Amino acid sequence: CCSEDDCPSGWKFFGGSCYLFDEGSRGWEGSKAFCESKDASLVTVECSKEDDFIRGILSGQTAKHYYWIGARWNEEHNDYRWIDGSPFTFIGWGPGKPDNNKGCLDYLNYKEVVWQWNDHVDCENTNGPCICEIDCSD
């Protein structure tokens, strides 16, 4: 429900959402907490246009090769899904993914995974940047 003018300074507008591409260095759980500290949440990716919007941003730098996003293995439902509890619609796994290690998802840029989703086994101690999202739904 966001418009351009709704995005906080340093956030980017796409597709009714505002996004923060945060260059800090945290674990997945740390990253979830960080986005919450901004009245926001790790990004959820509902469609291929949003997937490609994200890829366009991550592809414009080369320093970092993964960014945490808002999905992880879900014990209750026994699947990977968004942290808001909603199942995947768009499917964005890279070649050969998921490994099914009951881990946490990132966009990964490694070998044949070209800014596509990977499940990483370590939700705690693997430090990287992250992507937060708001949709101004109020």
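Numbers for residues come from their place in the sequence shown, where the first is 1.
Between 70-78 and 23-31 (mean CA B-factor, as deposited), the higher: The recorded data point to 70-78.
Tell me which stretch has the larger mean Cα B-factor in this entry, 81-89 or 57-65. Mean B over CA atoms: larger for 81-89.
Sort the modelled residues of this chain by their C-alpha B factor and say whether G16 lands in the lowest, middle or highest third. According to the entry, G16 has a C-alpha B-factor in the chain's middle third.
Quick one: classify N100 as lowest, middle or highest third of the chain based on its Cα B-factor. According to the entry, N100 has a C-alpha B-factor in the chain's highest third.
According to the PDB entry, is the CA B factor of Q116 in the bottom, middle or top third of its chain, that is, lowest, middle or highest? Tercile = lowest for this residue's CA B-factor.
Can you tell me whether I131 has a C-alpha B-factor in the lowest, middle or highest third compared with the other modelled residues of the same chain? Within its chain, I131 is a lowest-third residue by C-alpha B-factor, going by the deposited values.
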